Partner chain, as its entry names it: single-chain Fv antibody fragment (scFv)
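Read the single chain below, which is given as structure tokens and is the form solved without its partner chain.
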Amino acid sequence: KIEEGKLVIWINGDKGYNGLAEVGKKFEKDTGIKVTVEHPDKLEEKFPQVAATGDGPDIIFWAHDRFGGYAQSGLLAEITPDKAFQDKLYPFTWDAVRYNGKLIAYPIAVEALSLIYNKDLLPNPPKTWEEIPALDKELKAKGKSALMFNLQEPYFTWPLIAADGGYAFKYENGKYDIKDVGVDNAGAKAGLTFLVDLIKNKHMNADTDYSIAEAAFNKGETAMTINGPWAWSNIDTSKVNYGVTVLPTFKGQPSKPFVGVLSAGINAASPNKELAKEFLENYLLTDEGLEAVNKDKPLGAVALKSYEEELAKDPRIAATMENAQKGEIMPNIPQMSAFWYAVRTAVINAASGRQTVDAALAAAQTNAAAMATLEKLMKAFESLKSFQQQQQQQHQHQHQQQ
């Protein structure tokens, strides 16, 4: 039961839902069909539960990486935009909303890491990673540092690692090959070796986490930091004069940060598929549609070419998109769990000097496969719980038989 004759939308609380409701208000005045916008707690946890039974919203807004799991479960419907509508959004975004060859969601916003520099300390940010060590010595004389960013999470260190030919899984033929991992290749080796060399030459500290990195830049202690659009608001409050720009190149190659895409998916159980399509394609994914949402709570860089060109007058939003286009799209597959587990360990152990770069990255392959087994066990036993509960109910009972 989702109610035929109306649309119900689920979007997270930190987004411009009131602005989205104004698009749904515009939709009513034209079609006479009422659009409700709901923003429930942990909707990402709730959606798989309710949609499995045939309930939940008509449309759901979330990051694309979580949509891979929804489509695996058959909770999302295959969308049908034509060639001409597909030309409206940046071609690279459409690859993020693909599962099993077929398209499963509409890309809305684009999210990726950028290089954030202090304008007062550093008017000309470096274009290369290689010139940062020399730039640190020049700033250490003034009692400052060149660069401080989170080293604990692989998400932040990956841009450098992937610069030279490092990848999570090979994306070819619209499918991720899980037998083709680019974690201990030549380019990932050099990327991490540069990061470790930065640490043992005291240009960075191996223990630097998110808090330590943010607090440093916002006090004016460090000239540069690596962070996403979610951090801009806190830098605005610190009164620091900052700029957001393209990430530094390593061995002439651009940094490849992970790209997160906010996407709109249609519930497979929805009896209003065509209505949702009309809403999303012809009301929301238009200049006026995205503007209403952006004015409530900024979307950052958007998928729609026409509206992105208008936001890109903000040099920070242009930088987000530029880094995104040069970046790697976040894979939406289940194997991504084992990847994080292994690479998080790999970088920690190389940065501490516990393992060589060569041996820490080699260990990732065997460490991720090990984690896949725990997940493989996890699913097997929860299946048995269900099986026993299944029979326990019908077949032999305190008041039944077979």
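Positions refer to the first chain, counted from 1.
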**Asked** Hey, which bit's got the bigger mean C-alpha B factor in the entry, 106 to 114 or 216 to 224?
**Response** 216 to 224
**Asked** On average, are the C-alpha B-factors higher in 195 to 203 or in 254 to 262?
**Response** 195 to 203
**Message:** Per the entry's Cα B factor values, which of 121, 324, 162, 247 stands out as the maximum?
**Reply:** 121
**Asked** Is the Cα B-factor recorded for residue 380 in the lowest, middle or highest third of its chain?
**Response** lowest
**Prompt:** With respect to C-alpha B-factor, does residue 388 fall in the lowest, middle or highest third of the chain as deposited?
**Reply:** lowest
**Message:** Looking at the temperature factor on the CA atom of residue 47, which third of the chain's modelled residues does it land in?
**Reply:** middle
**Request:** Could you tell me which third, lowest, middle or highest, the C-alpha B-factor of residue 307 occupies within its chain?
**Result:** highest
**Complete:** So, residue 18's CA B-factor, relative to its chain, sits in which third? The highest
